[PDB]
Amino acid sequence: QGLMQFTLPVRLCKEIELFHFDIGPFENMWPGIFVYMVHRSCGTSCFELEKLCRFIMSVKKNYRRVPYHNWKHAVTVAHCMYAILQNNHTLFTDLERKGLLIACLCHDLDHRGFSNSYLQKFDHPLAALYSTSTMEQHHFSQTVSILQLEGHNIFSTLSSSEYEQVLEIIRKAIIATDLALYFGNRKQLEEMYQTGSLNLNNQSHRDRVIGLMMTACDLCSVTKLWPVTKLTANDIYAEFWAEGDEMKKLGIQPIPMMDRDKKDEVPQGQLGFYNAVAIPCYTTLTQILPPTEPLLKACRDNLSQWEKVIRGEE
């Protein structure tokens, strides 16, 4: 009865396999795109189509109308994870394929457009509930809520212990998108790869590798073609500046990336970000998963485009 196979137009069918695919401006195509990626990376029998569709639409409803941390970010992040899985298909378990696409879709659920810092300084109730990874623990709690709605248990064919494992994959993957945790996790993986101690059969080493994959997916907008990366940078900065305004309303001077008066210093901020965060991220990931090379290559090309802006040629 699974004779209803999802298909895409010719251009999308070919380009969705490229790391630098952009999912386009047609919101009503994104659910079909996510199902197609699930059917091909996981299998057409991983999920009941009616529960997956109900789940997908409840998740979309619980993302907010914000410039960057929105439904389009959720699907873009999931597509990057699709491209890593299809190009390293021998390395992951059945449960990891199931959990990771869902983790990426759900990873910024109910994002208001504010950092963990603003929530601490504002004394938001979520900061009292979750002392560290504040928004990330909230995103995970929102995932569990949606899964627990009538007709939304997309994992209903799994045993109790398998359900419990995949929810633990999703919880750790979502927490790993807290960039404050990425610095420590990348350092550990760097030393582990360089001393030849890294071991993909060690569950605590899998946890770290999947963490880094989540960081790489979450930043994958710096790995698109220049026009996409430049336009998407306006979207995140719109959020940065709005948080900066809110820091000023609390009588607190915002850090520089969040001050809308420091607009002319965006090219230098981007330079700072690519060298301190992005390049190291895709470098370490290319070492562990060599087929993820095109992410690093496109990150280097965009770093070069920011250097051309700072010299006044772009």
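Quick note: we count residues from 1 along the sequence shown, nothing fancier. Only the largest set of C-alpha atoms that superpose within 1.5 Å between the two forms is called the rigid core.
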Outlying stretch relative to shown form, 209-217 versus 120-128 in 7 other deposited structures of this protein, C-alpha RMS (core): 120-128
Between stretches 30-38 and 245-253, more displaced by Cα RMS in 7 other deposited structures of this protein (rigid core superposition): 245-253
Residue stretch of maximal mean CA temperature factor, 198-206 vs 174-182: 198-206
Per the entry, higher mean C-alpha B factor between 18-26 and 302-310: 302-310
Largest Cα B-factor, entry values, listed residues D235, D110, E136, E190: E190
Per the PDB entry, maximal CA B factor within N70, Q270, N62, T44: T44
Third assignment of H89 from its chain's C-alpha B-factors: highest
Position of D261 among the chain's modelled residues by C-alpha B-factor, lowest, middle or highest third: highest
Within-chain third of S58 by Cα B-factor, per the entry: lowest
Among modelled residues of the same chain, the CA temperature factor third for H79: lowest
Relative C-alpha B-factor of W226, binned into the chain's lowest, middle or highest third: middle
